[PDB]
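A.B. asks: please find the sequence and an experimentally derived structure below.
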Amino acid sequence: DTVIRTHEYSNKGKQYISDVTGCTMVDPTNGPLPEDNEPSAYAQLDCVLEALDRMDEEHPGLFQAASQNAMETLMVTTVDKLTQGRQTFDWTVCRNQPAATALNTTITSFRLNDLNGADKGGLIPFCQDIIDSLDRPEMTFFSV
Amino acid sequence: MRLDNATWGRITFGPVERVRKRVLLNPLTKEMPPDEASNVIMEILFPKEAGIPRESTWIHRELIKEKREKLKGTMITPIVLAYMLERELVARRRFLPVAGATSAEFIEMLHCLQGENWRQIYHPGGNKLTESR
Amino acid sequence: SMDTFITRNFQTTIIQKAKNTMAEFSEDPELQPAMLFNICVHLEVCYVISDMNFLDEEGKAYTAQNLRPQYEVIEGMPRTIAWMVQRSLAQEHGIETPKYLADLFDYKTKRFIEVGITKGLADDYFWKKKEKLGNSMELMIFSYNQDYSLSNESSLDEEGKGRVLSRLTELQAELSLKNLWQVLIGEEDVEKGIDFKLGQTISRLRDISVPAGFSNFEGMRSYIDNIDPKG
Amino acid sequence: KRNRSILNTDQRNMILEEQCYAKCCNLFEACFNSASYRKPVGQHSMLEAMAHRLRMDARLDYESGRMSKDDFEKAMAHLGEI
Amino acid sequence: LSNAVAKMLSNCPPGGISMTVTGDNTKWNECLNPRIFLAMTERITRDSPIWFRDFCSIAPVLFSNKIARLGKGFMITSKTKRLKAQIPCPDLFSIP
RNA sequence: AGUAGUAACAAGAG
RNA sequence: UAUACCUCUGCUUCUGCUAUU
RNA sequence: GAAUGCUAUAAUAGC
Ligand SMILES: [Mg+2]
């Protein structure tokens, strides 16, 4: 239902095929404005930006002030931060598993693909390995 | 001991304008930031695994020794002792609807102190600060 | 360069155990080899003082079955291990823990030792490090121009004092032989930028994940960065 | 007691994987009591950490007089194997 | 909210009318687009260093190429025979 | 049967 | 096949995010 | 005549 509805409100948008996944991608943004009061996903970038510019004018420096703190936090943030999020989707077994385990299974698997950024302990170098893992031609993982 | 050595006045029926303010829920032995507080507890319970000696170490040398001497001959698990100290060093400070009573030893009894339409006079026990006075 | 030099002179123990000390401070071994060599020499000098120095069951120093040394090498061991060792020793013998991390500790003297290697004068560098410690650790300073400045109570024997000054000049000569001595002399400073570079895959996904009326992400970035959407 | 529905399915295996990590951690906590209270920090090996701590513990236990020569020999011999 | 209401209440022009729209938004998730969230991070991190502008950009980028797993599937039954079977999501178009 | 209600249980497994 | 009138199981038959902390 | 910012396995709220 969600999958149908999401696309039902974007159907008048730009439809294309992803040359990465091979998936059927739909893009409503900068699309034709609505003719009726049926839910519309056709948001106009210019209007989103103008709205944020006013917000930035009304709240001067807030964006960079936040960005600074958010960035300085990330530098201090360790990997174990990811082990406090209930049931998380584990890609090794394709079933939900505890956040703490789902991570462990990813760290163990990453090591096999020569990705030890985790070991450094900071979140950034572990995140670097995640966007690098997409470039690997094949991904190996343990399965008992 | 505070509830026990307390004295109860009269209940009064009438309008109370409760105001939502960030108050301390529990009286502390000595207030420190969680970071400073954590380093103190380490010196009390786990000396070897303390890390870099900080200024704080010296500042609470009386409290460290006092607590170390008081918890010395016990058989309770260090992890419990650790949280029991954290409870009376780290501040539990949260928003609450209050009316003319902010002192922690009053806030702990806040449920019995008033509602929107009534008020209860209550004198706690032990001691009260000259600063709060 | 220094990369090929350190491989010849120092063993893989001293190489790695320095690179870990450099890693803990979050600084690249390759992008600052001057800082690597400093810690390498600092570590190698410390191990030579403790190498054959052993204690018997009575409690007297002797030269080498037996697994209990006279000194404790703190330099090299990871911060949290080093500090555990430094705190363990202090609390056991019953002395106050120095606020700065020590290099060595003599089990017979029952005092902490601070080691230092200087380019200029060994006598000057003694009074420089006397401001922070004062009398927390018994300093033991050396330099490459055959110059030693130990504390009034120096446990280092005459036969031991040579081995240090031999290896100090032997390496200093080996740097001047390969013409890499000049690399360590010149001032080296660089702020370690927190670089997070995107791969090829994720970069493609970002380019297809753009609003309509955009070629690639670069386009969307410059638009948001530059143009004004008022009205 | 833990829901034992798991004992019927092939997921059984994970109990051993758990009861392994459990062993490694529980022992680490016996070496470092502060681990229970505050998160331990280090990019070095758990074995490296545990080894050095026990090595000191043994030495200071001997030199203080908590441990005997016969025991210390065993201690340094066993730690030698690592 | 008590403070906010009080100020916006008293700020009402004399003679004018203050009106409160008790509001809810429909299909909040189905309509809100990742690429718009991408724009937001770019516009918000404008002064931040290039690595952190990119770091933020990833999360919306993943969500603009995300894939929804369809869960367990559908169960088919014969009342006469008293049989039931789970059709897994991969085998959804296996039956007419 | 029934519970229940946009899909299940009315035991499952070796 | 059989052991099986036996044995094991009762959230693990996919339970998320953000806040009150 | 003010502060001190956090960070559960419950429950509530919205998605
Ligand atoms: Mg809604």
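C.D. replies: Great, that's in hand. Residues are numbered from 1 along each chain as shown, chains lettered A, B, ... in the order given.
A.B. asks: in chain D, what residue comes closest to chain A?
C.D. replies: Distances between chain D and chain A by CB to the nearest CB are smallest at residue D:13, namely 4.6 Å. In short, each C-beta sits where N, CA and C put it, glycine included.
A.B. asks: surely that residue touches residue A:93?
C.D. replies: No: using CB atoms under 8 Å, residue D:13 is not in contact with residue A:93, being 11.5 Å away.
A.B. asks: what about residue E:40, distance to RNA strand F?
C.D. replies: Taking CB to the nearest atom of the strand, to the nearest Å as the criterion, residue E:40 is separated from RNA strand F by 34 Å.
A.B. asks: that residue: helix or strand, and which one exactly?
C.D. replies: helix E:34-44 (DSSP states H and E).
A.B. asks: circling back to that earlier point, more crowded one of residue D:13 and residue A:93?
C.D. replies: Higher neighbour count among residue D:13 and residue A:93: residue A:93, with 14 against 11, using other CB atoms under 10 Å in any protein chain shown.
A.B. asks: spatially, what comes nearest to residue D:77 if we skip its sequence neighbours?
C.D. replies: Among residues not flanking residue D:77 along the chain, residue C:67 sits closest, at 7.9 Å (CB to CB, 6 or more residues apart in numbering or on different chains).
A.B. asks: now do the phi/psi pair for that neighbour.
C.D. replies: phi -130, psi 60 (degrees, to the nearest 10).
A.B. asks: tally of neighbours for it?
C.D. replies: Neighbours of residue C:67 (other CB under 10 Å): 15.
A.B. asks: ok, now residue B:53?
C.D. replies: Neighbours of residue B:53 using other CB under 10 Å come to 19.
A.B. asks: picking up where we left off before, helices or strands up against the helix holding residue E:40?
C.D. replies: Under the contact criterion of 3 or more CB pairs under 8 Å, 6 or more residues apart in numbering or on different chains; DSSP states H and E, helix E:34-44 touches helix A:45-58, helix A:62-76, helix C:217-226, helix E:50-63.
A.B. asks: neighbours of residue E:38, just the number please.
C.D. replies: 27.
A.B. asks: touching, it and residue E:62? I think so.
C.D. replies: No: using CB under 8 Å, residue E:38 is not in contact with residue E:62, being 10.4 Å away.
A.B. asks: quick one, what contacts the residue nearest to residue D:77?
C.D. replies: D:76-77, D:80 (CB atoms under 8 Å, 6 or more residues apart in numbering or on different chains).
A.B. asks: any idea which of those residues has the most stuff around it?
C.D. replies: Most surrounded of those: other CB under 10 Å gives residue D:76, at 16 neighbours.
A.B. asks: quick one: contacts of the helix or strand hosting that residue?
C.D. replies: Element membership for residue D:76 (DSSP H and E) is helix D:69-80. The contact list for helix D:69-80, computed with CB under 8 Å, 6+ apart, reads C:57, C:67-68, D:51, D:54-55, D:58, D:61-62, D:67.
A.B. asks: list the contacts of residue B:24.
C.D. replies: Applying CB under 8 Å, 6+ apart, the residues near residue B:24 are B:91-93, B:104, B:107.
A.B. asks: ok, so of these, who is nearest chain C?
C.D. replies: Checking those one by one against chain C (CB to the nearest CB), the nearest turns out to be residue B:91, at 27.6 Å.
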